[PDB]
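K.L.:
Residue numbers (the authors' numbering): 1 to 151. Cβ atoms here follow ideal geometry from the backbone N, Cα and C, with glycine treated the same way. What follows is a structure written as structure tokens; I'll ask about it next.
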Amino acid sequence: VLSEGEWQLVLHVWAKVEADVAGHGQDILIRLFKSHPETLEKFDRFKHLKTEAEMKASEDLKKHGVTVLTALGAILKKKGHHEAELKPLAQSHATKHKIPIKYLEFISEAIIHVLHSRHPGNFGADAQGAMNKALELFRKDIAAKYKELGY
Ligand code: HEM
Ligand SMILES: O=N[O-]
């Protein structure tokens, strides 16, 4: 359970993302794909990308980056009250896209990394704590739906 103060930190951070959703989302997917090349293989849409330059030049990648972070922002603004929003993402991610829960862990780390990179000296220790808690709750709740379905 996040406190109100912790949810406030999470959403104050999320306000930095919203100032440039496509930039953040692109940087996050690129960090994911380069730190963990197995993840790119899950995207028939993107697996033609070989180099970081190609990824950075992909406008379609930026488009999907907006899709992903739009969904995550909406979830975070629910402050844990997110069953409705989370159900379709569990279903698709478990059963269609076949994304292990481990790879949600990897994207969560990529988020933390990108926030530090883009906001040096402006992503507080408190805020890091709180965002970790928020991302852990997302993964916990997704993972319960995966286990339901045998994945
Ligand atoms: C914060 C975590 C994530 C969020 C919020 C998220 C959100 C979304 C959304 C909204 C879509 C489009 C709707 C849908 O198919 O359900 C999508 C598609 C997809 N996601 Fe994710 N995603 C997350 C993490 C991941 C990860 C880690 C991977 C793979 C390593 C993955 C692989 C995909 C794939 C393959 C599609 C289909 C793309 C296409 O062909 O158009 N997602 N995701
Ligand atoms: O992307 N992991 O830092």
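#1: Use the C-beta contact count for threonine 95: other C-beta atoms within 10 angstroms, 16 or more gives buried, fewer gives exposed.
#2: Can you find at least 3 beta carbon pairs, one from the region 135 to 144 and one from the region 95 to 110, that sit closer than 8 Å?
#3: Between the Cα of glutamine 8 and those of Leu61, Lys78, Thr39, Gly23, spot the shortest distance and give me the residue it belongs to.
#4: Looking only at C-alpha atoms, which of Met55, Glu148, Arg45 sits nearest to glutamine 26?
#5: Helix, strand or coil for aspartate 20, going by three-state DSSP, please let me know.
#6: Nearest to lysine 145 by alpha carbon, out of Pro100, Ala125, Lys133?
#7: Give every residue of the same chain whose Cβ lies closer than 6 Å to the Cβ of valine 21, excluding the five residues on either side of it in the sequence, and list them in chain order.
#8: Under 8 Å by Cβ, that's how I've got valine 17 and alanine 127 pegged, so tell me the actual separation to the nearest angstrom.
P.N.:
Checking against the coordinates, here is how it stands:
#1: exposed
#2: yes
#3: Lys78
#4: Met55
#5: coil
#6: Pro100
#7: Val66, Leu69
#8: Their Cβ separation, rounded to whole angstroms, is 12 Å, which puts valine 17 and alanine 127 out of contact at 8 Å.
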